[PDB]
Every structure is written in structure tokens, then in C-alpha cells.
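What follows is a single structure, written as C-alpha cells, with notes after it.
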Amino acid sequence: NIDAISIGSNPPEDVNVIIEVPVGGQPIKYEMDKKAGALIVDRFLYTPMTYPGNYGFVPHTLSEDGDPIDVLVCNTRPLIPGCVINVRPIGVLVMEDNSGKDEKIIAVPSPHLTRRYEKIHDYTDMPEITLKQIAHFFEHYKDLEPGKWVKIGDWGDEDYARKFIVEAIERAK
Amino acid sequence: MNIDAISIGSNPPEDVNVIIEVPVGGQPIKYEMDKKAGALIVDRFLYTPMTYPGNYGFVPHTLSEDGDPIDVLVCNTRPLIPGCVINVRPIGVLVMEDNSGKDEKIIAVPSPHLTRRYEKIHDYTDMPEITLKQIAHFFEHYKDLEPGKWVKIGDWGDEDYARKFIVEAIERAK
Amino acid sequence: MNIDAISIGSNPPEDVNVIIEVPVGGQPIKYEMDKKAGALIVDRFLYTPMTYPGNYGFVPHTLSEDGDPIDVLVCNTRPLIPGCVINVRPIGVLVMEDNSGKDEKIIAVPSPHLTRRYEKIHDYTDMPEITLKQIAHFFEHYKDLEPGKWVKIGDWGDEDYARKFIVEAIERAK
Amino acid sequence: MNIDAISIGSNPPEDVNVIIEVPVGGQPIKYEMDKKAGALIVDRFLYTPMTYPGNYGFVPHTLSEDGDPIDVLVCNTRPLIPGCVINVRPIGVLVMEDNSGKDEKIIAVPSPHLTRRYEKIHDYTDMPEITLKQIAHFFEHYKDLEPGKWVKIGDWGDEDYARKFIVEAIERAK
Amino acid sequence: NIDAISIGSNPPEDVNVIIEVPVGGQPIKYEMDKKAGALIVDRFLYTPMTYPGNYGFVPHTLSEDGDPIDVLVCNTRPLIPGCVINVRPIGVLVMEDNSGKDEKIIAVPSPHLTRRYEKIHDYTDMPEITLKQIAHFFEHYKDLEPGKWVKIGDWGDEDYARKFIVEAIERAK
Amino acid sequence: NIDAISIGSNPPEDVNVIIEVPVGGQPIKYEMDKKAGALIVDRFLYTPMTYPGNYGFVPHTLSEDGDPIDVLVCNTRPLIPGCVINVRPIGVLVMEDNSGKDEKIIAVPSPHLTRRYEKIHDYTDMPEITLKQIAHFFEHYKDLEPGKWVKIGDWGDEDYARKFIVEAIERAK
């Protein structure tokens, strides 16, 4: 029951992410179905790529496209699909594609879950390799889909991420 | 997961939704979904040195002659997440006989809105012969070390037989 | 999933149902079950270079003195799917002390209707001594990098203790 | 690697050295080492949905009647690194007939100085019955999808048969 | 001992490939040290990509750049690094990068190892998606390396593949 | 042919490590045999632990105990057993056990293989979690062997690492 999962303790300082796909996962897109509480296969992709972090959404949020906001958790160990992890947003991967703007929050596990990301506050605090892996996956994983293109824009910082999350919380209400 | 929120399909029997229990390449440990709890229950550990030849699950809101939802082997190549739902096109039926009588398993491919790979696969005979043999070989032999169990593979049912089988199982459930 | 639809077992404490959190071989992560949500909530990442020595999970509708469901290590060899349910036979209790007091974990094997492999195992002493040492070593050390967390392994509880422990937790939850 | 610098063993046939080709859990892709290059050559891809039931390799400086080094299935639980060398105790022989005549696989466990786990295992009958049945099942069935290939499992050889078999192959290679 | 591995039984109809990275493998580049008879790490790549077939090189061959020729074996199961597999060449992936022309042989397992590929003689016999996956990987896998670029050219057919291999065998003599 | 692999290009600042066990590897001890160029199984351990980095030895070195020096490469991707990787020593894990002093060099891959470790020169430059993971593995993985004990002493810095290597190079001559 996704209705019982809070947005967070003190959003947007922390948000809860319901995980859909693990880091290292195949480029098979899954979408959670609210009523069923089940992950639905949405599309198989054929690029030779793997998800560059754990990927999910924040419940009770709404993007302008009418979906909950997506979050790439940039840790290294795989998480179980359907689990919930509390995270600190640190930035936004800002893109444009065929259908317009596409923005993905970048987040690390919250500090009560691990010391590893204690001192990471903004996307620029992550290693440049990790940032580029994230951008590269989302830029290219749809390349073998006819006509689908992605342009990577200027990244949003930690303050932009907080604003974007609050906007989506408001938009859901 | 609430099973009642998952439909049989958009336009069954041309498509059905399969709730995945075990992935392709998975160990032969039989998992079975409980309908109320929405949880996969371990049903039986098997000990043959074998692996599932496709992603395996069942279609919700259907009933076999034996009182279980119908089973589907999804013959794509990549492992799927246990407990996910995938929409599929039925293409045939693996028909068998064992200790307790008839045992029939739908063979299906991912629907064409999920991937173009299986666009032109309509009948089980459209799949590579070896894939079909792999499927039969698994189901024929994975219970070989269960004392006193036996399985015989019968003639495969075609895509028309698969449609009729599904419609019958939908009625049986309703 | 809905945990109120998952029973404690058919004839507790001869058998109990364990909801699996982490498979044998899995890197250590701790979770809390959100009963309302029916989702596993990440609680802590551990960083010791250790792997669970069995499939690990908890028994719903039970309550420890510390206010959590009782934990079970299932000492079979193959990994199970996180979030599945397995019916098990309790055979003993790993009994420990740590910075928060007494900490007891049930040791269990799959029930005999799932596999014949453990059918003669009734007590923790029926297991290979090495398996018991592995289990103790894991729980003694896996929190070693957390500040102020220490663990001392005490005397194991037998199958009679394990059943009493379970019954006490079932009552405690009422 | 330089196979000439790898001895048959310390005191064969009580111990022999096995050069590992394929790990337990491995896909049924047959690898064969080339003596002069010291490299594993791919020999055949098999398509049964099966996995090797033990670590599998050969004893160097031995020769079967058919002109190959003798094969050994090391029946421990953990995968070993292909191309490594492990010292083992032979305990029996899986004896088969196929299209090209007799086919025999030595069964062995890790020698007692590598682990205490198999210290008391002297004959194949000392292993759990299921492990033996898994080993037979694999070799009986993994070639089932190869056109025209057949395999019959004959009576197992005991530990004294295995030793004699090894001694004969050591002598044949001189 | 690489001098005890032949080029093949009847090159260029078959050649032996020493495997470096398996299908599904995270990309690492090696140099083969002929005297040590060992793979030496040359470069860790960090793109979130995986080799689209089993990848290796043919001993006793020499490209114009003075490297053994590289082969991507387009089967589905992973092979052990350092093993040798006999393959049938079916085409050439032709590219341009920072260092000039760059060409990689595409091959399938030879028919005495498996019947699965026995009707595949030219790159056009492969599924078009497999060809696109292969191009995508070699186009993009160096994207996180500063300044590295790749342009994919026209594929070479099975006749071109055989000519290319024979030139490299002569070049090595 | 280990005698053809050099100690490094400019040792002790870099050294070549012949890999025996990969990171995440089971605690099964493998020991390379010089004359055969083969990894020999030496002991199966039963602690529920995994190697915290890639592990191997530097050829043409000799410890007081008569063995090549051991190196733990504290990267994250698994390496092939038997490959050679050039590394930068950054420190030493100093221990005492049943047989006396036991010292293991800690190293990162050299900067011409990757930019990820560019700025790491001393063990104190690594994250505390990584250091504690390495010490924990060596401290405990022999706990279930009869009589085997390990005490972790004070870590040696990058200079002590280089001195230790130079002593082992001189000792081999």
C-alpha cells in the first residue's frame, strides 16, 4: 500500500524513494502500478548499458507530465525492487527529449542509513566519473529506439532539487 | 500486491498479463503466489542441476481443471523481477502428463508494445527449435529426483489451442 | 503485500512462516517492515566484508521484548527471493548479548513438505558444527564497524527453548 | 600454464592433482585444455538448461584408453577458478556408456589438508545420496539436445575401482 | 604459450580468438604480454556499458597500428577470459577515431562447436538489432575518456573480413 | 612466465601485482606456483566473508618469511586471476599473527589506467570505511581455523610502504 509511505520526514531535506530497478540492472523499464502495488514491465531496451544507480520514485508527488518524480540514488550496492529508502536530494539531471523536459533527481542515502555519503550535499560533491556515468546512461540508453533523442542540459544544484521536489509535492496536492 | 487490481489482459486471449514467480536461469525452487497476501510462497525445492528456461509465472483470475491459475513460460532472454507483471502474447501450449494427470503450460512472448523483438512470433513453431526443446527438456526432467514422480511430454498445442485454453480457464474462474 | 493475510504458521511453533529480507550470500542491509505499507524499509547499510550465512528474515505477528518481530536465520544453502515467505521448522536459538541487552535469533530449516533435505534435523546440534560456527561468527562480527556496537555469543538454545521463545513472542504480540 | 611442472600428485592414487576446466554451477559449455599451449580451448556449447554439479577438470600426465587425460568431478560446494590446480582424494567412478563406448568420470573430494570438511569421505557412498544423483543426472542428460547422442549410466565404481582406474591411466601415459 | 596457439586450422575460414572480456562484461582494456603469456591491465573504462559479445584477439596477426587484430564473437553466453575459441569471421565493423582507422572483426563460433550459427556467413545474416548493439558499444564505450571520439563507418562483408585477416597474418610474418 | 614480468616501471612508486583472488571473492586461498605458472588451491576457509579488494603479489620480491610481498588493490571492479595490474602503493596493513609479523601493502591502480585514484597517495586519503573493511577482513577471515589469531597494528604510511618494497626487492637479490 503506497498510500501508507510518507513523502519523507522533513521534505525536501529527505524524501522516501520506492525502488523500481537496481544499480547494474538491465535496461528494462518497469513502472509501479499504484492500485496493484506491482511493478509493470513497460519496455525492453536493447542498448548494451546498465543502470548507473538504484532507480525509483517518490510517492505523493506529481510532475507536470502527471507522474511521480523519479530519483537516481547514486550508491553502489543493489537494492530490492519495491523497498523504500530515505534519501538526501543533491541535484537534478536536467534533460530535453522528444516529449520535452525530463528531469531526474540525484540523491544519496540519508546519513542515518550509512556514513558513506555523510558529506555529500550537492551534485558537485560526487566524483565527476559518477556524475558522467549517470548522464551517459540517460543520454544513450534509448539510442536504439527509432527517433528517440536526449540532450543533457545544465545540472540543477541542491537548491534547485529542493525547489523541484516542493513543486511536485504541491502539484500532487 | 493486490491481485484484484491486475487484469487478465487488455483483450484476452490475444494478450494476457503474467505475474512472474521465477526468472529465466533461476534455480529450480518452485515459488507460488498467495492471492490474499500478495506474496510469493516457497512451495518446493528441487534438486536437479537445472535452470528455468524462461521467465515463469501465472495469469491472475484464471483457473485450470485442477484449481490453480494457469501457468505461463515467457520465452524471452532476460531475467525479469520476481513479482512483476508482464503483458504477453500466447503462442502455444506445452502439454504433459504426470502422476496426477494432465499438466499444461502456456508458452508466450512479450507483447509487441514492450519490444519489437518478438513482433513476428505467432505460433510456438515460429520460435527456434532449440528454445522449444529447452523448454520441454526442463519440464520433462527437473522433477527427475523427486521419489516416484514421472513426466511424459505430449504433442504441443498451437496458438489456436492456447487461445481456447485461456478462454476456458477465464470461464472456469468466473 | 498484506502481512495480516500471512499466518504465523499452520501449527506454531512446530512450523512458522518467515518473510525473507536478505538471502544467503547477501551483503548485510538491515530493514524494518512497515506493517501499514507492507514494504521493506531500508534501516542501515553495513560495510563489514561479510555475507549472511543463511536466508534471513522475520516471523509476522510476533513481538520480542524489544518490540520487534522475531528474527529467523534459515540455514539452507540456496538463496531465496527477498520478500517471499518460507515455512520452516525451528531447531534452536542463537543467544547473544550486545550494547542494547539480550538479542536472540531463531535458527530454522525448511519444513519437510518443502524438501526432504532437513527432515532429520530437529535441533541445532544436528547441524554440522561448522555451519553453527559460521552463523555465530556472522552475528558476532557484522556490526563491528558501527560505533559502540559489540556482541558476545552465549550458549545456544535447543529446540525446546526455540519453541518456548516463539510461543512467548506470539503471546506478546496479542 | 606449464603442465609439465604439475605433478600427478604426492602419493597417487591416494591423492591426485586436478586442473580445473569448469566450475560448479557453470553453464554446460565444454572446455578442453591444450597441453602445449596450457590454455582452455572451447570444445562444445551444449544447450540443455543444466549446470555442472561439481568442479570439473582433469589429471595431468594420465591417459585413458581413448587417448585423453582422465576426467574428475570434484564434488565440493564452492566454485573454483578455471585453470587452478586442486589436490583431491578419489572416492569413486561414475561409469557410463555412450555413442563412442565407455565413458568414466572419477568422483573426488578436496584433500584433508585443504579443508576438514571431507576428511572422513572415502567412498562415493559416503557422500549424500542426492549429490550422487545430481552428478549422474547431469552427465546422463546434459547432451540430450545433441542430435543422435545417447548416454546410459552403469554401475558406480567404488573407491578401490577409482584407484585402480587412476593407476592404469598413469601407467598408460608412460 | 601463445606460440602454441595457431591462427586457425584453415585461416581465414576459421581463426582462434583469445578471449579478454566476456559478453556482459564491464569494459577493461588489456595488452597481451607475449613473453609473460599474461594479460596486462591497460585501462579501466567507466561507461555504464557491457560488451555486446565475447571479445578478444587473434594471435600471430598484426594490424597497421601494430596490434593483433580484435574480434567480437557475437554469441550469447559468457566465455572465460584467457580461453581460446575457434570462430568464423563474418564481417568487419569499420570506424574512425582519434588515432585514425579502427576495424574490428565480427565473428560467430565455428560450426564444430555449435550448430546455432551454422547459417550465419555474413554480418547481414545477423539480426539487425545485434549489429546496432555492437556499433553502439564501440561508438560510446570511450565516452567518459577525455577527448575520445568514434565515428562508425560502413560495415565490411564476409569477403572484406577474410581479406583483412589475410593481410594481418602477412603483416605479422 | 613470472620471470618476464617486471617489478614495475619505476618501483617502489609503482609496482606490478599478479592477481590471485578478485574483490568479492570467497575466502578460498590460492597460491601461485612459479614453475607451473598455475594458481594452486591452498586452503578453503569457512568464515562468511569476502575479499575486500583484489589480491595478489609483486614478482621478484622476497619477504623475511621467504615469499613475494602481498598487495591488496583497493579498487571495486573484479580483476581476472592471473592478470597483471600496475599499482601505486599507498600504505601497509601491519599485523601480528601466530607466525610473527604479517604485512600487506595497500595500493590503488596507477593513474595511467584510470583517473579515479589520481589524488590518492597515502592510505589516509582513502575513506575510513574502506580502510576498516580491509583490516576487518584480514583480522577475522581466519577466525574459524584452530589456533589462528591476528592482531591489527598501526598502519604504515606511503613512505613506509615504499621503504618496505625496496627492502623486499633488495632481499630478493
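Every heavy atom of this structure was used, including side-chain atoms; hydrogens, water molecules and symmetry mates were not. Note on naming: letters A, B, ... go to the chains in the order of the sequence lines (proteins, then strands), and numbering restarts at 1 for each one.
Few gaps surround CD on D/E97; more than 12 heavy atoms of other groups in view lie less than 6.0 Å from it. For B/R116, the CZ atom counts as loosely surrounded, since its 6.0 Å shell holds 12 or fewer non-hydrogen atoms of other residues, nucleotides or ligands. Within a 6.0 Å radius of NZ in B/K105, more than 12 heavy atoms belonging to other residues, nucleotides or ligands are found. Heavy atoms from other residues, nucleotides or ligands lying under 6.0 Å from CD of D/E65 number 12 at most.
Side chains of B/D144 and D/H137 form a contact here, defined as non-hydrogen atoms less than 4.5 Å apart. Looking only at side-chain heavy atoms (C-beta outward), D/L145 and B/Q134 come within less than 4.5 Å of each other.
Here the OH atom belonging to B/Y47 is positioned 10.5 Å from the OG1 atom belonging to D/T131, to the nearest 0.5 angstrom. Atoms CZ and CE, on B/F138 and D/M50 in that order, are 10.5 Å from each other to the nearest 0.5 Å.
The aromatic rings of B/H141 and D/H141 sit tilted relative to each other, their planes meeting at an angle between 30° and 60°.
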